[PDB]
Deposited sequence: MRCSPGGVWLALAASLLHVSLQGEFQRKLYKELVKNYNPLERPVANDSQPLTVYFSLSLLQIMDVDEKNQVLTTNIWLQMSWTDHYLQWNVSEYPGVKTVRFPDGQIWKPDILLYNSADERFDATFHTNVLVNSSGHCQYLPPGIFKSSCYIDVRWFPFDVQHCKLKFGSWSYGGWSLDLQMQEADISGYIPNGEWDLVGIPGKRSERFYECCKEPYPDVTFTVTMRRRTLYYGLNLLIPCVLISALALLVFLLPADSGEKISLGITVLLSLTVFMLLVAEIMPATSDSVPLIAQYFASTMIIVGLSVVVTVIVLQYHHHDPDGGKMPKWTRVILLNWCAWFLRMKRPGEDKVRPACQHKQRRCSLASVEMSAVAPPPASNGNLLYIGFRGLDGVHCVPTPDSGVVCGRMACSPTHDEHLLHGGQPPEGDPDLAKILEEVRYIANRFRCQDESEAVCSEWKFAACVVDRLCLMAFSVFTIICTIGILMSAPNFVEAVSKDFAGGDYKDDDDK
C-alpha cells in the first residue's frame, strides 16, 4: 500500500545498523533473552555432544523505529531482514558445530512504538560433559551458555526470562526433568569490564527399559546358564566346551557394550563392573571344572588320597549335602592257573573300588562348588545392580 511504502521509505532515512538504538548514549540497552525447547535430537556419549532444536527469543526497544499509527492508518507492525537493522550478537559459547553460529536468520518484527522481537530457530549442537558412571541408570545435566560477544555490561544489559516447554515433543529415550536458567557475570582476561551471560541447565533422565531388556537380562541368563557345567556328569566330556563357549559369548557381549561408550578415565562404569564380575565368575568356574575333571580321571595306582582330603570330602561335605557313598598230578596245574585268574580279577576289583572312591569325591566337590558359585553370582549381581542411586525409581517408572 501507499502508506506502507511511505513508512518504509521514511523509516530508513539516516538509519545506521551499526548504531545502538538508545536515546542516551551513556545508558545501557536492556535486552531480554529466553529460549524455547522443541525437541532433543541426540545425546552422543562417545563424542559427548548434545543436539537439540530451540527457538531463541530476543526482545528489545528501538528508539528510532517509531511512528504515529494515525498518520499510517493501515500498518501497525513492520519487518526487517538481516543487515538492515541493529541486532544483538548473542552467541552460544560452548558450541560444537563447525560454524560457531547455527541460527537461521529470520526477520525482525517491529512494533508501532519501537519494540523489536527476534525469534530465530536452530538445530544447536553443544558440548556438555556426560557422566556414564551410573550407566544406564544415569541422569544428565548439560549446560547451554548464551551471551553477547562484543558488548559489555555498560553497553548491553542482558536479562533472563524463564524457558518455554509448552511445545516440547517427548523423546523416546530421555525424560525431561527440566531446564532452569541463571544469569551470571564474569571477567575475562581480554578486558576490564564484566560480560554478563545466561546459562540454561537442561536436566534429563534416561529411560531404562530398552537397555534393561536388551543388555542386562541376556547377561543374567547366560551367567546362570554357565552354572549348568556343575550339573553335567564328568563322563559326558562336554564341560570345557560349555564353559569356554559361555566365556566367548560373554566377551563378545563385552565388546558390544564397549563399542558405544566413551574412553574416559574418570571412574569405572557400573556395567563395566558387572561384566568384570561375570568374567571372573565364569573363569573361576572353568578352573574349578578343570580341577574336578582332574579328580575324576585319577589313576587308581598313581597315588593315595591324603587323609585330610579324604576326611573333608567324604565324611563332612557328604554329611552336609546328604550324599551317600556308593557301595591227580595234572590237577595242581589247573588249580594254580585258575587261582591266578581269580587273583587277577580280585586286583581289578580293588582298582575299580579305588576309582569309584575318587569319582565320588569329584562329584562331592562338584556339588559344593555349584552351591558356592550360585550364591556368589546372586549376591554379586544384586549388589552391583542395587548400588546405583535412583535405581528403584527408574524401575518403577519404566518397568511398571
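Stretches of the deposited sequence left without coordinates are 1 to 22, 350 to 429, 503 to 512, in sequence order.
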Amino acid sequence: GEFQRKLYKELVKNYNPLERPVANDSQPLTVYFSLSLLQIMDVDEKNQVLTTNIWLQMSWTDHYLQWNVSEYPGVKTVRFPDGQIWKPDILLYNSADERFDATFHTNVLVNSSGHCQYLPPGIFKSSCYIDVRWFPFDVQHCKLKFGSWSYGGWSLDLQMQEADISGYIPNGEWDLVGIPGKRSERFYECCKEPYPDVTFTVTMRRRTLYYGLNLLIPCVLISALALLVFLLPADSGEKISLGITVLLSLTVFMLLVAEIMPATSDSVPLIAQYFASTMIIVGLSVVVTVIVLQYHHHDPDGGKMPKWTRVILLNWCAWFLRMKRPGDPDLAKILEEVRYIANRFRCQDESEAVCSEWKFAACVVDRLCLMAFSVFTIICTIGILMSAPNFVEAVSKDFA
From here on, numbers count along this sequence of modelled residues.
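Take the two forms, superpose them, and find the largest set of C-alpha atoms that agree within 1.5 Å; that set is the rigid core.
Taking the rigid core as the alignment reference, the C-alpha atoms of 308 to 316 lie farther on average from the displayed form in 9 other deposited structures of this protein than those of the other stretch among 123 to 131 and 308 to 316. With every structure aligned by its rigid core, 253 to 261 is the stretch of 253 to 261 and 177 to 185 whose CA positions lie farther away in 9 other deposited structures of this protein.
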